[PDB]
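Taking it in order: structure first as structure tokens, then the write-up.
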Amino acid sequence: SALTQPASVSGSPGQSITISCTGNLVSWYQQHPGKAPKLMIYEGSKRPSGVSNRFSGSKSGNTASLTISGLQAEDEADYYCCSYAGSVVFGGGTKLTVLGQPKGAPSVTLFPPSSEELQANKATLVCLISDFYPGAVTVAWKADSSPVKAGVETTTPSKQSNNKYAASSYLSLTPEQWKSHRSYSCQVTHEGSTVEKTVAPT
Amino acid sequence: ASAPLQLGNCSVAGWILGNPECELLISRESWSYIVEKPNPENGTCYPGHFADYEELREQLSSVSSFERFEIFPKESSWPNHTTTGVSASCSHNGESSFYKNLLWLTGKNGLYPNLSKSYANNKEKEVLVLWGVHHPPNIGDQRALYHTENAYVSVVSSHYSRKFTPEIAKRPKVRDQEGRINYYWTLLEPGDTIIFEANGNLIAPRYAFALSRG
Amino acid sequence: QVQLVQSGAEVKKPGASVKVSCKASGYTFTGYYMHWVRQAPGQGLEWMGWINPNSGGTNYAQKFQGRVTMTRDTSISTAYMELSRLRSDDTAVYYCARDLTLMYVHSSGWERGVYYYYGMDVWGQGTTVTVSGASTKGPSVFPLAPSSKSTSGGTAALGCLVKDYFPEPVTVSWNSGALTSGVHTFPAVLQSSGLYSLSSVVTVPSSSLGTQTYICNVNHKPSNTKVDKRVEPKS
Ligand SMILES: *[C@@H]1O[C@H](CO)[C@@H](O[C@@H]2O[C@H](CO)[C@@H](O[C@@H]3O[C@H](CO)[C@@H](O)[C@H](O)[C@@H]3O)[C@H](O)[C@H]2NC(C)=O)[C@H](O)[C@H]1NC(C)=O
Ligand SMILES: *[C@@H]1O[C@H](CO)[C@@H](O[C@@H]2O[C@H](CO)[C@@H](O)[C@H](O)[C@H]2NC(C)=O)[C@H](O)[C@H]1NC(C)=O
Ligand SMILES: *[C@@H]1O[C@H](CO)[C@@H](O[C@@H]2O[C@H](CO)[C@@H](O)[C@H](O)[C@H]2NC(C)=O)[C@H](O)[C@H]1NC(C)=O
């Protein structure tokens with residue numbers, strides 16, 4: 001029992017976007033960062049009083065859709081679908097970017113554990129990600145071909161003076177796991193393309 | 001071969017409106033006269049005036065044919081209104097309920113669109129139609145339920161005509177209610193038509209009664 | 001002006017409990033169900049449950065049943081959510097939100113008589129609840145050496161790792177303020193342990209790696225820890 005939304009969508013001002021929700025009494029919420037959510041659509045396609053008719057909802061098969069016509073920068077926000085089957089279930093959310101700059105790929109710097117840290121009997125890998133736009137990114141850590149889930153800490157993207165985004169991801173390891181592998185990799189997916197950096201016990 | 005209609009603890013009003021404590025075991029079709037207590041416990045469970053009450057008891061007193069039928073069906077008459085309204089003052093087995101033969105219409109999706117509903121008696125018998133007019137105790141309730149402060153209910157038949165303008169009034173609490181529903185009825189001769197128009201405050205007919213006074 | 005006004009920010013220790021309040025104005029409190037929804041930093045919304053303020057009946061989300069208590073006081077139009085046995089990953093913003101369906105008009109004795117969830121149309125401003133068991137602790141500081149895999153077009157990135165401190169903030173300077181160009185000090189990360197870490201990275205000409213000294217100066221005033229860390233190419 002869960003609804004699946006795309007992680008991100010982007011459009012230029014004046015265009016129309018559609019956000020989907022795969023699973024007709026779906027409701028849709030808009031959330032600007034740090035503010036309370038706002039109900040945009042309920043019962044699939046009705047608008048609460050005072051909500052713009054640029055927002056509309058539709059269904060098709062097992063997919064509900066929110067369409068925004070005539071995009072304006074104020075439409076940049078996170079969008080959540082919502083449904084109910086005896087329990088209220090939110091979709092995972094879609095970050096919608098209204099493009100104000102060219103789409104920029106992240107710069108990634110990956111650092112190995114220092115000499116000092118390893119002789120304190122610890123090991124941290126540091127992946128630094130900067131200057132990407134839109135501010136939606138996914139980080140994957142590979143220990144030598146294979147995924148690594150335990151020990152990862154990743155910040156949410158943050159807006160810099162550039163008005164692009166930066167993030168960092170840390171992988172904690174024991175000195176033994178660090179040296180027992182050929183290499184470790186930081187894998188940064190942004191708009192479907194990947195930047196990967198790799199360090200080795202070298 | 002006609003026995004009296006025994007109403008138990010119920011009044012004619014409670015029985016004919018369908019007070020949820022007033023369903024008889026064997027629903028009878030003809031009867032000689034009505035038996036009811038001097039002060040029946042169960043009548044108008046939502047407080048209010050039952051218009052021309054002794055006259056209705058007279059007219060229902062001898063009956064050779066009696067058939068309940070859904071004059072305005074619940075699941076098709078009111079697509080744009082909320083029909084499910086119940087009341088704690090009309091409880092049954094500890095749960096809020098309502099008159100079986102009426103429907104409390106309220107807003108839907110934040111709106112109470114103007115309604116107009118007609119019924120033509122093709123039963124080849126007289127048809128007894130009952131309805132009510134709600135008087136909320138304050139204007140906030142009027143707006144929440146009906147989305148208008150200028151409510152009208154108009155009922156027109158070929159032999160009865162009345163336009164109700166229900167106004168707000170805070171009456172003494174009776175079965176926990178400060179508001180009121182006033183109850184009305186009319187006997188539809190064959191071929192006659194009744195029209196309900198309202199923008200709020202209508203407790204609409206759901207079931208009516210085709211009857212022969214034999 | 002229908003409005004939900006929530007209680008203020010809360011700071012709790014793990015194992016504690018927190019009770020958030022949500023006061024309704026501009027409509028009749030008992031007329032609508034009240035939901036609670038939380039949102040952890042950078043995460044999505046997640047339903048916690050609802051209360052029916054007319055009856056006091058509740059429905060809790062699977063994730064929180066056994067741990068969450070929702071109550072109300074109708075005489076003051078206020079809903080409450082108590083969440084006990086708090087963990088750091090209960091740090092979140094907590095929202096009360098009104099169900100959009102009019103269910104009761106109690107002064108008229110009207111009840112909808114049937115409930116279905118169609119959405120939440122009025123929301124509180126949210127309450128920040130931070131859960132932390134960490135004690136003040138100064139950073140360990142480790143150099144992030146420039147390598148040939150961190151050199152670019154005559155420029156190289158080097159830095160300092162500031163690890164395991166609490167609380168925020170730390171301040172990082174390079175060469176005691178004399179180096180500011182190419183400095184990028186990233187926002188800190190909150191580890192599961194409750195301690196912070198961050199990184200500061202400076203881009204420098206590769207040509208000065210053998211001549212110029214690079215030292216990051218880290219200050220964490222709540223612990224009065226001051227570290228000066230020299231960062232050199234890896235020999
Ligand atoms: C059907 O008829 C019965 C019998 O009269 C109704 O039940 C009775 O309701 C009366 C109110 O009219 C109750 O009296 C009051 O009760 C309160 C407690 O809530 C008490 O504090 C007051 O002093 C007052 O006496 C009475 O207890 C109750 N009797 C029984 C046996 O239940 C019932 O409400 C009627 N239902 C409908 C739908 O008309
Ligand atoms: C019909 O009316 C009789 C009264 O004539 C009700 O009986 C009363 O019930 C109450 C509640 O238990 C008692 O306190 C009274 O003493 C009873 N009176 C008598 C005379 O028995 C009876 O409950 C009513 N029936 C229904 C179904 O409500
Ligand atoms: C219930 O509401 C719908 C929508 O408001 C009504 O259908 C509209 O009727 C008008 C006039 O005939 C048309 O111009 C609209 O295009 C209709 N809307 C839709 C969505 O079809 C409908 O008539 C109402 N039903 C009743 C019984 O009043």
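Indexing begins at 1, ligand by ligand and atom by atom, following the structure's order. All heavy atoms count here, side chains included; hydrogens, waters and symmetry mates do not. Residue numbers begin at 1 in each chain, while the letters A, B, ... track the order of the sequences.
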May I have a table of the N/O to N/O pairs between ligand 1 and the protein that fall below 3.5 Å, each row giving the two atom names and the distance to 0.1 Å?
unit_1   : atom_1 : unit_2    : atom_2 : d
ligand 1 : 2 (O)  : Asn42(B)  : OD1    : 2.4
ligand 1 : 2 (O)  : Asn42(B)  : ND2    : 2.4
ligand 1 : 12 (O) : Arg175(B) : NH1    : 3.3
ligand 1 : 34 (O) : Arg175(B) : NH1    : 3.3
ligand 1 : 34 (O) : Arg175(B) : NH2    : 3.0
ligand 1 : 36 (N) : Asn42(B)  : ND2    : 3.0
ligand 1 : 39 (O) : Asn19(B)  : ND2    : 3.2
ligand 1 : 39 (O) : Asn42(B)  : OD1    : 3.4
ligand 1 : 39 (O) : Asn42(B)  : ND2    : 3.3

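- Considering every non-hydrogen atom in both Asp99(C) and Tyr32(C), the closest pair reads O-CD2, 3.2 Å.
- Inclusion of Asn80(B) in the set of residues having an N or O under 3.5 Å from an N or O of ligand 3 is warranted.
- Relative orientation of the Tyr119(B) and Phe69(B) rings is tilted, given thresholds of 30° and 60° on the angle between their planes.
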For residues 5-12 of chain A, which side-chain donor-acceptor pairs fall under 3.5 Å, sequence neighbours excluded?
unit_1  : atom_1 : unit_2   : atom_2 : d
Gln5(A) : OE1    : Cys81(A) : N      : 2.9
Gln5(A) : OE1    : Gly93(A) : N      : 3.2
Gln5(A) : NE2    : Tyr79(A) : O      : 2.8
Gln5(A) : NE2    : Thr94(A) : OG1    : 3.0

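- Contacts classified as disulfide (SG to SG under 2.5 Å) and involving residues 74-152 of chain B (residues at least two apart or in different chains) are given here: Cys45(B)-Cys90(B).
- Judged by distance alone, the side chains of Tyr146(B) and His134(B) do bring a donor and an acceptor atom under 3.5 Å apart.
- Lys108(B) forms no cation-pi arrangement with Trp78(B), by the criterion of a distance under 6.0 Å to the ring centre and an angle within 45° of the ring axis.
- Protein residues having at least one heavy atom under 4.0 Å from any atom of ligand 2 are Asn9(B), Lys37(B), listed by chain and number.
- Aromatic rings from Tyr84(A) and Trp47(C) are positioned such that their centres are separated by 6.0 Å or more.
- Under a cut-off of 6.0 angstrom, the local environment of NE2 in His147(B) is crowded, with over 12 non-hydrogen atoms contributed by other residues, nucleotides or ligands.
- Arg54(A) and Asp75(A) are joined by a salt bridge, as a carboxylate oxygen and a charged side-chain nitrogen come within less than 4.0 angstrom of each other.
- Ion pairing of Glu23(B) with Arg68(B) is absent here, as no side-chain N (NZ or NE/NH1/NH2) approaches a carboxylate O to less than 4.0 Å.
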